[PDB]
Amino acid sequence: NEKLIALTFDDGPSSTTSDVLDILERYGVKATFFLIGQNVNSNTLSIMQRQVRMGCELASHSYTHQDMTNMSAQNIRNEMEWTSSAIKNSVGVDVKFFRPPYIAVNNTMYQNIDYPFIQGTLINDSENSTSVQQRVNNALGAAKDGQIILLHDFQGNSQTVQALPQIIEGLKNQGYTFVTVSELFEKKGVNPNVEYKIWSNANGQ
């Protein structure tokens, strides 16, 4: 009767990431970080190393974080390969999932990206006008068994850092167990590797 939640973070690594990690470590919780490839560099190495130490999953958010519906097939493929190899060659882990920038997806992307697409429920934590407590309530209201929840850890997103302790404490209080996206599919016995699909819940609905 385990109830699984996959907390996920877009747009890092950034210095804000380290504050997210401090909180995840405090609560013994793992998350998934969809990284922007050009943010994988010597300035972010120690953060990515700590992500791997804590068993947080690293995934792909493209290399330049542009709207990939305006990109050629070749450029899409280069973005994906460069992001995966940057993550593999820096800290030794293999990307398993892709999340499209801006959740902008078209046929060309689906034809030229070999990873499962992840969306999840947005909590609108990219705009400062969304308060700490709005972020808390949106995350708590989006939770259900098997659900992926989309947050951001771009530099400066301190209102999500402020929101995260209530979110974790509240979901545990509701009986949820935190998993990575890989762990989510593994534990539900679901094959994520379905082409032409974008997932928000391990049930695929």
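A residue's number is simply how far along the shown sequence it sits, counting from 1.
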- Which has the higher mean CA temperature factor in the PDB entry, 37 to 45 or 50 to 58? 37 to 45
- Please work out which of 161 to 169 and 132 to 140 has the higher mean CA B-factor as recorded in the PDB entry. 132 to 140
- Among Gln147, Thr32, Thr177, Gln66, which carries the highest Cα B-factor? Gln66
- Considering only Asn89, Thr108, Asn124, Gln119, which residue's Cα atom bears the greatest B-factor as recorded? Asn124
- Tertile call for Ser15 (CA temperature factor, within chain, third-based) is the highest
- Query: Should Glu195 be placed in the lowest, middle or highest third of its chain by the C-alpha B factor in the entry?
  - Reply: highest
- Query: Looking at the C-alpha B-factor of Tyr115, is it in the lowest, middle or highest third of its chain?
  - Reply: middle
- Split the chain's modelled residues into thirds by Cα B-factor; is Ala6 in the lowest, middle or highest one? lowest
